[PDB]
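Presented as structure tokens, the chain that follows is alone, the form deposited in one PDB entry.
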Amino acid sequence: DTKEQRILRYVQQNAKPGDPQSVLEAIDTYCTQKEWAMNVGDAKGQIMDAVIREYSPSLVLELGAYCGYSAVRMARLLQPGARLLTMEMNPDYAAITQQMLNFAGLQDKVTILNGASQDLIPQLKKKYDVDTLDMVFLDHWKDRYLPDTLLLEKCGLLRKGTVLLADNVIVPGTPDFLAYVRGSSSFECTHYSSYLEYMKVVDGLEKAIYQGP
């Protein structure tokens, strides 16, 4: 099996069905202790929670679902009637995300869009009944943040007050995106400093005592 199947299995065997907080904790525990994985993680996740609670978005777009950690993190805080749309181009990952959402009981709040954001964004208004977005979470391949921001703007999906929230602007880094939005009068920016998750990296010394030939 894959790492992603192992994460899901761990959740199924250890988390409480229908309990999003339990699902999050199980993922964080497994990736902290057993296998590193590229979920946003609990430290930055707490910052996401605070931002979502401040703006109470009715319509959120996520770029990059992976195993569904951030989709569970965000969707659990949405008010009744609110929606998360999440784009994922890897169908194996999208399958895990759907199962993760099902297990957490959030499947009615979240819709998975299968495909590449650059192909899907222009289809949003028509196929998913979108006027403008209230919030966007960017966490896909880092070279796509700036071109997808420009594409969102072109497609008329941003309104005054739409909140973009971008992961990894330091590590691995998103230098073009970060320079662009900080420099542009079309964006007012705030930085929330944190730490990359799952960085308790096990290593060790081997002692090898020569016994002779």
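Here, rigid core means the biggest group of C-alpha atoms that superpose within 1.5 Å across both forms. So that there is no doubt, residue numbering starts at 1 and follows the sequence shown.
What comes next is about the form deposited in another entry, which does not appear here.
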| property | result |
| --- | --- |
| Residue shift check between this form and the one not shown, rigid core fit, residue 9 Cα at least 2 Å | no |
| CA of residue 200, rigid core aligned, shift of 2 Å or more between this form and the one not shown | yes |
| Direction of the Cα shift between residue 201 and residue 191 in the other entry, where the change is 3 Å or more | closer |
| Pair residue 200/residue 194, Cα separation in the other entry versus the displayed form, closer or farther by 3 angstroms or more | closer |
